[PDB]
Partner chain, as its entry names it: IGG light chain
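First, one chain by itself: the form deposited without the partner chain, in structure tokens.
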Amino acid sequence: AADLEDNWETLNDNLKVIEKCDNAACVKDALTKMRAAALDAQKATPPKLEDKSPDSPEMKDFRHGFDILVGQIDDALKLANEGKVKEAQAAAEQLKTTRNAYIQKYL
């Protein structure tokens, strides 16, 4: 689905931005766009799960992954708002493990 692809690309491009950021505002802005992308992608049905039921275990698993991902973005956003550039970057790298094991397999 087009919207879902754009939100997923926004999530992954803005991860790259975070690692090469030099200040806190850079990190916070990237996390801002990841959060708004994750809020939309959270609601979508990935194409591999189009036929599934919305209460299927795969859709439950897809939605729980984005709950974790949104929780992780919020943790990193808390660190960026305190000025802790490096800790916010370390908290951003945590998203990669959730992305692979939970969400990427369904896209």
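Positions refer to the first chain, counted from 1.
Mean C-alpha B factor from the entry: is it higher for 49-57 or for 73-81?
Here the higher of the two C-alpha B-factor means belongs to 49-57.
Tell me, lowest, middle or highest third: where does the Cα B factor of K43 rank within its chain?
It falls in the top third of the chain.
Among the modelled residues of this chain, does the Cα B factor of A2 put it in the lowest, middle or highest third?
Its C-alpha B-factor, which the entry lists for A2, ranks in the middle third among residues of this chain.
Going by the recorded CA B-factors, say which third of the chain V17 sits in, lowest, middle or highest.
According to the entry, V17 has a C-alpha B-factor in the chain's highest third.
Which third of the chain holds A24 when residues are ordered by C-alpha B factor: lowest, middle or highest?
CA B-factor rank for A24: highest third.
Relative to the other modelled residues of the same chain, rank the CA B-factor of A88 and answer lowest, middle or highest third.
Middle third.
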